[PDB]
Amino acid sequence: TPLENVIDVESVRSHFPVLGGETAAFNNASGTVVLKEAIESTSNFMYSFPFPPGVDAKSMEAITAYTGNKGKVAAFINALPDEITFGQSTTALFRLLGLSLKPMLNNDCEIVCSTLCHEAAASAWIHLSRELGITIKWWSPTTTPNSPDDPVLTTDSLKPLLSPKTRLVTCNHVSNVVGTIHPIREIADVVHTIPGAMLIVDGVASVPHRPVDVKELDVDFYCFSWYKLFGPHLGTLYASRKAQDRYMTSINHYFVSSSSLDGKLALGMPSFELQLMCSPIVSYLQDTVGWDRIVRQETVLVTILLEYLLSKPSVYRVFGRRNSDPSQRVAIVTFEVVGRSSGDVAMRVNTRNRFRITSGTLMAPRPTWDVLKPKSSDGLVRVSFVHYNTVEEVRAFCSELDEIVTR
């Protein structure tokens, strides 16, 4: 039978009013449409009496709403509230984590970084390394000759780079230019065979597509960005109690208690108005739509796009996993058109403005140019779906892309 939508298109898209227009949103890995309920929540807070709140009954209700919001976001990733903090961005929070870790590190310790890392991560650990006088032991992904454009992160590739002096291992849960799901719990179990070693995971390309449980991942640190999750431009970093007590030094004022992650890393007054946009998104994803429908909807969308791209192997070179299986890969699909500029293809699609896609290095030169290695000087073409995208849109996009390349 022809593949159809799993979601109620109208019910889901009622929360995202701009999706009714001419242009379909196929660049969600660079930023999603904001959840209506999230905007309504921040409006209500910003129209309310300002922080810092008083001791009166109405002020205590506003404190309960703030603490409640943090409690739900913490439960979203199965963390305790004192194990999470809100920041400017993942790039910022990774840099501040570096400053927190630096005092208990030195030039004798080893940092292992995945070459599939976003520069948000790479820049943090390059800067930390340079300040400590460390040279990074870079961790290359594995390709097999039958799947040369499908880079995989394996424990077997990591083990040779590990030593008794390994202290930092850094990788992503998903690469924003590949879309493959890495085996984080397996990597964590291997990293933790080295006493003193900590695993830092960039989960920016994961948390929007899959339910996350940082305790089941047994990661030391996990970080994600709400603007790829129907939310504001705002980061959230997780740090285990063990990792906080053993590895972290406060970067905050001397008089601020350093027990919580907020205490250690929170620089100035936090953006309460942006934080309170987040609990509405948690309840929307978990309860209103649910992960079963989200994953199934996104899987069907990836099936239709891969079906068309893999149908013409002489035209399209698909990077990453060449199946739509949910446990294997999320709805981030990178490819290049053989003998054509990726920029030229993206411009032609975006100029027509029926679909919004992107091309280039996508703030990830190491995975793009050192691993995937597109023939195009302009780099990769990327289409990225979320659950509010429709089968009808993907089918129409495949027709338009075909027209552009067949000309």
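Sequential numbering from 1, following the sequence displayed.
When the two stretches 48 to 56 and 359 to 367 are set side by side, the higher mean Cα temperature factor goes to 48 to 56. When the C-alpha B-factors of 304 to 312 and 200 to 208 are averaged, 304 to 312 comes out higher. Compared with the other modelled residues of the chain, the Cα B-factor recorded for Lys159 ranks in the lowest third.
The entry lists a Cα temperature factor for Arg293 that places it in the highest third of the chain's modelled residues. Ranked within its chain, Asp245 lands in the lowest third, by CA B factor from the PDB record. Sort the modelled residues of the chain by CA B factor and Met269 lands in the highest third. Among all modelled residues in its chain, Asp262 ranks in the middle third by Cα B-factor.
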